[PDB]
Number of protein chains: 4
Amino acid sequence: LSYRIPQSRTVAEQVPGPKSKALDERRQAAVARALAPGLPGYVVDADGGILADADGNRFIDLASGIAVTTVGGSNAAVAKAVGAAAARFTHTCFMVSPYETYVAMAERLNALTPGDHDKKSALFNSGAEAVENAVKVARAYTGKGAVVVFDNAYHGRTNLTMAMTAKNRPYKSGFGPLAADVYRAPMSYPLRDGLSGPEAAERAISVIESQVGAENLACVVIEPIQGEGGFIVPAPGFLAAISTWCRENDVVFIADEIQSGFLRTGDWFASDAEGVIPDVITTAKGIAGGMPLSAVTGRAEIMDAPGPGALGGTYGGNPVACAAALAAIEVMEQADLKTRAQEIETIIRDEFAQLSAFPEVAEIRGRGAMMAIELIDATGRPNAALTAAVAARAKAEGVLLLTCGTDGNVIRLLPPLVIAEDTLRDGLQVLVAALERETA
Amino acid sequence: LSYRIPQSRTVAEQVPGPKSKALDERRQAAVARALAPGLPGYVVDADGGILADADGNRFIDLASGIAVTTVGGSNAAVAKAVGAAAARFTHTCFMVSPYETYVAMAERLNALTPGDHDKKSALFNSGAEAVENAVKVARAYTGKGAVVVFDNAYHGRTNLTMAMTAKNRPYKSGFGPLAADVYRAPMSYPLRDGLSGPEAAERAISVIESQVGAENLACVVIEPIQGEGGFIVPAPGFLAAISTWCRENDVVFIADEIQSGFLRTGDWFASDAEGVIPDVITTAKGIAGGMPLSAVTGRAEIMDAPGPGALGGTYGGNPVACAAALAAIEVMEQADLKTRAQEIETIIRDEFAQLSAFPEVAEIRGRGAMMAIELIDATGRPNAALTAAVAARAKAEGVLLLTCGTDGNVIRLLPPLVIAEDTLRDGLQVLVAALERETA
Amino acid sequence: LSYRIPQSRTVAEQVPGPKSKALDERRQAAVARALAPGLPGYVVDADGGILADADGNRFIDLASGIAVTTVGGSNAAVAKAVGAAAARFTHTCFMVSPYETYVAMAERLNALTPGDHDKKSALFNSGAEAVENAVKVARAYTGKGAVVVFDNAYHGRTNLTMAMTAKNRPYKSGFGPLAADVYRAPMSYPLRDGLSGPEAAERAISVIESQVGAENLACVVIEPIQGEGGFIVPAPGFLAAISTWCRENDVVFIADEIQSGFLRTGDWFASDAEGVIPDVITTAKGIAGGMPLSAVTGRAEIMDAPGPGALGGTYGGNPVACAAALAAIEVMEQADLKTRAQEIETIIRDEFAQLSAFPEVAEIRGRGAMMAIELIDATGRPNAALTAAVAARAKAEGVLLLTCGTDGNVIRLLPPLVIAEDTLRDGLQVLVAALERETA
Amino acid sequence: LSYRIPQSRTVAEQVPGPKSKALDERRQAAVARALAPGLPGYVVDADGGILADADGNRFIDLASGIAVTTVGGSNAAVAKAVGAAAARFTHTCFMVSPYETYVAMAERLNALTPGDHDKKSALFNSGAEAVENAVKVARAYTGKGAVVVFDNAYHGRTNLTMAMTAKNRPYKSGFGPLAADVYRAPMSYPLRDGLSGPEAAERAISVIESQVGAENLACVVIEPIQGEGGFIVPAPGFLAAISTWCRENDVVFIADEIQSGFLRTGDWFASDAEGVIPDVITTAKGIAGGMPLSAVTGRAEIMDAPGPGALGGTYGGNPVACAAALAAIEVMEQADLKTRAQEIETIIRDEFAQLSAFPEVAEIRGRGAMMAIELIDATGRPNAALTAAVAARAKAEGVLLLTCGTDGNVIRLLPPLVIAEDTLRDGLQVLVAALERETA
Ligand SMILES: Cc1ncc(COP(=O)(O)O)c(CNCCCC(=O)O)c1O
Ligand SMILES: Cc1ncc(COP(=O)(O)O)c(CNCCCC(=O)O)c1O
Ligand SMILES: Cc1ncc(COP(=O)(O)O)c(CNCCCC(=O)O)c1O
Ligand SMILES: Cc1ncc(COP(=O)(O)O)c(CNCCCC(=O)O)c1O
């Protein structure tokens, strides 16, 4: 791999620097206080494994803007395709005047998603819009209303995706009333419930059948790895068992692969590790090299249930974002990012080999470049305090680490798949020393 | 020459051509059937007043991708900003890692929107997300639940924005159950109701007070000109009276300026035309020269009600889109597109001089580059059939014009503000001869 | 007719009397403050046309406990049935252990309700429970979700019946969120809209088709005379046209006859006056001579759509209340209360011959023993102050008169059908003298 | 005690007898299919522990009309009170014309319910109406929206109370969409979860804090013993801890004592067995000796939050039902039915000595005259088939047994507290012989 900016960490004695401090004051004056960014620097370049700020700091990027910049934040093929497309046209609204890159991205998605059955796609802008439209096609197809979601789920910040999201603070509180006919089932969380995949599936199926009923249920929606919920990997056989139940009970099984999709996990989709074939898949984030695109891909007969003009949105499938995605997907093949994702896991597990020694480390989990540590206290309760402290410390040392978890006690690793081995190991070494410092 | 592509209409004997025909069969196999595009040609350039298709046809663009490409479909300042931003970084997620263009776009919105009170902004991707977030800050600020919307309203295709949208077909049907605590009031539709502004407002307030109650009501949401509902302009005084009632009753007044904003009506915001000062204003479409961007701008105290992390979305305020928006807004100022919008209204009214001679034309309405004609039968009832036939005849002659209206009987005009006078006149002459041909 | 207590009005200069004042002190200590009884006397007897209080006052009853004690408040046949049933059994729960009086009352309702098609009934306690169960059998039967109700409607105080009710204060305010998928259509209110029945029906059907869609709609629910809304009588042909549209569009037409049913209007059901044949009819109030009973009666195939145990309620079709209802219906037949209700309408219109002295009287409307006066001010606006003054003056003079109306400007007349002519004329002469005095 | 009808079991070889068969044919013609009664006889008398049918059969009553006829089916003091009251007046509507027996029942409830704090009451007809009004006062008082309920909960058959009810079949299926802002927490079901009281409460509270948030929550509603769900008695300490959490979090703790109240469990309120003092308590069933009455009793400040007219219902607090209830409550005191309940428990545990052995019997549980057996197969899975067969076998031998359970595998015992000991022992011996016969 060749890089445009230096791939080495460096932070000044005073962070933020003066230009970033100035931009932070403008942000306080102009921007809703809810938008409280974590990085103590204003980005001017994102390339390989580095975020470069307005003051010359270079932060190691283990965030990829939350699993979005899988191909890098400024991949040359993506930037070239974006520039070229904008010079031809930025927008026509596909429903009004169509264009080839929309159709080409639908074909790409139909080809890359699990299963050999006939599939169709529809393109939107945000992950929340993709989840909303996945619910729309399932309701239109089944003629049934209810939506089943899981403990620890996250599906977005719209009224319905807030209902589907498990965590009240800060995603839901004060924004209700929320969309009705949404029902929640227990998740396979093996660290906490010690259940096998099939046992966890029996428990979930028992709730859904007792409390909801197949005859009322359009869809069951699950993240094959739960993201904001804490990189929760279900026990083997769990997802398969839920998919089988949905097929037997004429319920649409929807995999939300917005975070887990496009090689993040070392497979094209996380569904592939257990060879689960979802009826419908939502994608976003890594799809378009950072440009705003999302998609719903599914069985042709499900995707065709809505009538003419029944799905839409002005910007959906923006031609510049579609050109970006076509360029990014080809990069993923050409640069063998699937093998890089697999190598990223090996390196993380290697650098975390000493973490067993720490009574605060409950579990190391995930797949490919979607890995996490869960942190606990002396009595085994979630350790959100320590999680926050370790992330703030890493940050002061020039490493951007994200937290998540139902209980706020999970450090996640989301490096871009183009990060240099040298840069990744430096990043993971800073994390382990910050964990040493905060527990010692 | 002022334009990249020729600014003259040309359609072949057979449209679609074989390239567009081959693309339509690819669309049929790969894309959900709900997305049935209107233009019989696949777009390769959008520049000035023209859409060029893959077969060499040139259509006059009186759509601007539904009031999005105000500054033209491939504006050179927009294309430059987009290419340059993508080469530095496509995305960081503002909530994680901040950047200047997000802050500058909030500053620009705060400055350009009505009122000299303290304002803050939050950026998202689609118009529906912007409306969803306007409701969220109104609910967070008031501690009240209910939402009031109007007859003929359109607000988007999410679960809450469908509830907020008036027309069932095709936007809402089969997608329920929809978010509750949404109440609908009668609209000032002077052609149909014959009411003064103050009278229509008294009627709307009487329904709100009787059925909803201020003590239950977070917000009143209205388009200052109703777009999809038929370019409905409320009677003079209506918006002020509703604005006054909200202030007197602790209810947030929200102007949906997604279609009517950014000089579309010959003012910066349609609200300006009666110096109404909304508490909160939603923007999208024309804001970013075709890139996916939307915004909520309001009174600082309303925008800051949500807590840290309580508003968000991965892509919102994309740096490539914010770069495009800063460029488009500079073009609006520097090319004085405000005057171009006023001249466009003059030209539209001038070419429609002889529409007096048509009993089928009920009304010519709107302002600037947001103009419409409502078509009726011999009884004075809506004539959707004539509306569709005129649109299809115009398309066959190489002019793209859109239709809308609760009853499907409104031809709307949404030229880009950079359209050449000769191109606009040719487009309008084709529309007038299509109406002549189709009414005999 | 034979009476148990004296049938002449006699009310003290000072009311409440001492025994009623002491009871009111106990009420204030023990009963939720929302229950604020109007009559300045504690009832010890209700017989014929009279409410006798603890202090010996005899008030003329033009309320019949809100259209409930149609056969009188202590009919000797009803009283004897109630005594006799309770000494056999008070209760078994019909769906556990059945009993003949439940079945006999289902047969009575099947027979007395409009239409010659096969009908079945289910019995509950309150009118709200009967409206809830009418919606349940329509949803079960159609497999569709939405519910259509009208301006000025009143259907009860449960979560769903509050949503169905139009007026926020005091019935709905503060008790949300309320059941979703409830849509409101405009009412035929001839005094205000000037529309023919067919014109009002076209207007309502336009809203329902535009905003709801038959494909989403289980049922249309309307009171054939709107009770709490102000004894609104739709223009001739309105109910027929709505019933026709429901038949043509596979939507269940539900008549709410809770107030209007059981000879209140001089027909068995107010639907009879225009030969309308509802799919489903809700009854309560006058059905059981004051005992708590309600009923859903409908097409056998609609009533049978719910499966075994899918409808219920512990008390529903209480054997004591059914014994009361069979006795009350036998009185209605034996005492020819149908003719009495027509004579009561004639006596009311006779005693109101001079309301032409009053520009405050906008309309006299209703049928049988369901008659009303709407009051306006000198500018033609609703006159709730005069309405409340007249009712307060009447009570003080010893006449119980209820008020109602969306705008609180309607005096209603709901005398029991067993009222003596001399008692009714005294009552009406008091009302007319109260109107002369409050306007004079 | 003194019985009006012979207290010995007698059934013919063939049931139903012929009068009951003629009545069942009339029911099938006239009554909605959902209301398929279980007893193979039409009831003519209910007295002591006997249901006498139209054909001379005498069934032992282990049902009491689902926990309603606590004082017997035709108690002489209740029957006399009902006859005397009906002969004076059946109904006035308390909120129109008040009467002493409504006030006297509010005083009785204020005095009998847990705690010494100031209380007020409101009277309705059904248990579901009481739960609906408990939610209404909790929302009015808190100004918060959400309702927490538990797994296995049963609260009624209205839109909101169905939402609050856990089990889909047959109570909820096909009747949505249901009222929103209802959240479910896991229940203390020690047999199934092997959890302690304290653990179970922490588990429930973790869900409520994480998914709902106190700042959004009006009320927590729980049955102190879960009736339809399977007579689930929570582990000791569970209810206390939920009550403690609600007081610390400004959330209203509503105890649903509709089935468990008025001495059924051998305390006045099942809450008493743990010194829990509910903020609000809902009662019905046993309150009025089989007459239709329900009540909401709570803290005066909570009960007074709704404004004048904001709670209501035509029939609520019917004077005949209040007379019945005042007579029933005097019988409970004067005949020491509290001791009769404690004695019935001893008799049930005695006759069950040669049961709890049977491997198919998982648990005997409950208190007083609220006792149940849960049945399993060889695997330990729920045994609904055996449950149905035992109950069918018992009925044919002249004993009325109800079943219940989330999984349909619970035989419940609800004798009237006036049953003779020899009648109860005969009934329980039939149950054991039926279980012996049906376990092949
Ligand atoms: C699985 C899964 N589904 C859906 C979504 C929603 O995608 P949008 O593009 O953020 O709307 C996400 C977005 N996750 C990032 C959350 C960050 C924040 O906003 O707090 C996801 O992870
Ligand atoms: C006023 C107003 N508010 C909100 C929206 C929603 O904007 P999104 O960007 O399409 O979500 C719009 C979108 N305009 C109609 C789009 C046409 C279609 O999709 O069928 C609007 O006009
Ligand atoms: C048409 C119609 N449908 C339904 C209902 C509901 O009947 P319930 O028996 O009061 O529940 C009514 C009750 N009308 C009197 C309510 C008075 C009050 O409570 O303030 C009605 O009139
Ligand atoms: C705890 C609890 N709360 C509330 C209720 C509801 O009381 P209503 O009087 O039946 O409405 C009940 C009614 N229980 C019997 C239901 C039988 C059936 O109808 O299937 C209860 O047990």
Side-chain angles (χ1 to χ4, degrees), chain A residues 9 11 38 49 59-64 66-67 152 187-194 225-236 259-260 264-266 270 273 340-417 419-440:
Chain A
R9 170 165 67 97
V11 295
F59 291 88
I60 295 178
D61 182 351
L62 303 185
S64 60
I66 324 181
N152 318 287
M187 178 49 180
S188 168
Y189 194 170
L191 171 71
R192 286 197 196 170
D193 59 42
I225 302 181
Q226 286 178 322
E228 304 308 295
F231 284 20
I232 303 171
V233 188
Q259 200 164 155
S260 70
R264 177 51 55 175
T265 69
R340 284 181 221 282
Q342 285 161 31
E343 292 167 351
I344 283 168
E345 187 177 347
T346 302
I347 291 150
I348 292 166
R349 283 179 181 285
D350 186 64
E351 289 294 334
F352 284 172
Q354 292 294 121
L355 278 204
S356 104
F358 289 69
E360 299 88 347
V361 170
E363 209 188 7
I364 295 164
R365 55 174 181 262
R367 287 203 296 288
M370 186 175 193
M371 293 295 304
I373 298 158
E374 188 168 338
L375 298 180
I376 52 170
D377 67 10
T379 54
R381 292 176 307 149
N383 206 338
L386 176 58
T387 300
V390 174
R393 167 78 69 182
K395 217 164 72 167
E397 290 315 315
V399 177
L400 180 65
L401 268 168
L402 295 188
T403 69
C404 60
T406 299
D407 302 308
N409 65 317
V410 176
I411 299 172
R412 46 170 167 186
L413 297 175
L414 282 173
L417 298 188
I419 188 162
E421 172 177 8
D422 181 278
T423 312
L424 174 55
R425 294 189 178 276
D426 182 28
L428 295 162
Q429 285 162 17
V430 163
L431 174 40
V432 175
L435 184 59
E436 263 285 355
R437 175 89 212 80
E438 295 294 332
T439 61

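Atom set for the values below is all heavy atoms of this structure, side chains included, hydrogens, waters and symmetry mates excluded. Order of the sequence lines sets the chain letters (A, B, ...), proteins ahead of strands, with each chain counted from 1.
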Only counting residues at least two apart or in another chain, list the ones meeting salt bridge (charged side-chain N to carboxylate O under 4.0 Å, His left out) with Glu397(A).
none

Distance-only donor-acceptor hits, side chain of residues 386-394 of chain A, under 3.5 Å, sequence neighbours excluded:
residue, atom, partner, partner atom, Å
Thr387(A), OG1, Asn383(A), O, 2.9
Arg393(A), NE, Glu438(A), OE2, 3.1
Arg393(A), NH2, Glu438(A), OE2, 3.0

Under the rule for side chain to side chain contact (heavy atoms under 4.5 Å, CB included), what residues qualify as partners of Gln354(A), not counting sequence neighbours?
none

Measuring only between side-chain heavy atoms, which start at C-beta, is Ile60(A) closer than 4.5 Å to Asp426(A)?
yes

Which residues pass the salt bridge (charged side-chain N to carboxylate O under 4.0 Å, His left out) test with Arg425(A), not counting sequence neighbours?
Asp350(A), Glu351(A), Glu421(A)

Using the test side-chain hydrogen bond (donor to acceptor under 3.5 Å, both in side chains), find all partners of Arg340(A) that sit at least two apart in sequence or belong to another chain.
none

Under the salt bridge (charged side-chain N to carboxylate O under 4.0 Å, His left out) definition, can you give me all pairs with a residue in residues 353-374 of chain A, not counting sequence neighbours?
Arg192(A)-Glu374(A), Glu363(A)-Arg365(A), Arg365(A)-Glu374(A)

Derivation and outcome, side chain to side chain contact (heavy atoms under 4.5 Å, CB included), residues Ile348(A) and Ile364(A):
CA-CA 10 Å; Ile348(A) 292 166; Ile364(A) 295 164; 5.5 Å; no

Would you please test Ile232(A) and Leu191(A) for side chain to side chain contact (heavy atoms under 4.5 Å, CB included) and show each step?
CA-CA 9 Å; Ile232(A) 303 171; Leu191(A) 171 71; over 6 Å; no

Output for pair (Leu431(A) CG, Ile411(A) CD1), nearest 0.5 Å, gives 5.0 Å

Close side-chain approach of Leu402(A) and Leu413(A), heavy atoms under 4.5 Å:
no

Judged by atom type as modelled, is there a donor-acceptor pair below 3.5 Å linking the side chain of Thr265(A) to the main-chain atoms of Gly368(A)?
no

Below 4.5 Å, heavy atoms only, C-beta onward: do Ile225(A) and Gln259(A) meet side chain to side chain?
no

Check against side chain to side chain contact (heavy atoms under 4.5 Å, CB included), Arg381(A) and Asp407(A)
CA-CA 9 Å; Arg381(A) 292 176 307 149; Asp407(A) 302 308; over 6 Å; no

Considering residues at least two apart in sequence or located in another chain, which fulfil the side chain to side chain contact (heavy atoms under 4.5 Å, CB included) criterion with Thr346(A)?
none

dist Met371(A):CE -> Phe231(A):CZ (nearest 0.5 Å) comes out at 9.5 Å

For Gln226(A), check side-chain hydrogen bond (donor to acceptor under 3.5 Å, both in side chains) against everything at least two apart and list the hits.
none

Measure across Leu400(A) and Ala63(A) and return the closest heavy-atom pair with its distance rounded to 0.1 Å.
CD2-CB, 3.6 Å

Are the side chain of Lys395(A) and the backbone N or O of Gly38(A) linked by a donor-acceptor pair below 3.5 Å?
yes

Do the non-hydrogen side-chain atoms of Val399(A) and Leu62(A) ever get within less than 4.5 Å of each other?
yes

Nearest 0.5 Å, what's the CG-CG distance between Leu414(A) and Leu417(A)?
10.0 Å

Closest approach of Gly230(A) and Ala372(A), non-hydrogen atoms and distance?
O-CB, 4.5 Å

By salt bridge (charged side-chain N to carboxylate O under 4.0 Å, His left out), which residues pair with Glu343(A), not counting sequence neighbours?
none

In the structure I gave you, are the side-chain heavy atoms of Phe352(A) and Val361(A) within less than 4.5 Å of one another anywhere?
no

Sequence neighbours excluded, the answer for salt bridge (charged side-chain N to carboxylate O under 4.0 Å, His left out) partners of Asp422(A) is none

pair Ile419(A)-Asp61(A): side-chain heavy atoms closer than 4.5 Å
no

Any side-chain heavy atom of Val410(A) sitting closer than 4.5 Å to one from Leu375(A)?
no

Residues passing the side-chain hydrogen bond (donor to acceptor under 3.5 Å, both in side chains) test with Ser64(A), sequence neighbours excluded, are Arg264(A)

Please name the pair of heavy atoms, one in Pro415(A) and one in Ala369(A), separated by the smallest distance, quoted to 0.1 Å.
CD-O, 3.6 Å

Please find the pair of heavy atoms, one from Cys404(A) and one from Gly227(A), that lie closest to each other, and give the distance.
SG-O, 3.7 Å

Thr406(A): partners by side chain to side chain contact (heavy atoms under 4.5 Å, CB included), with sequence neighbours left out:
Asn152(A), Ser210(D)

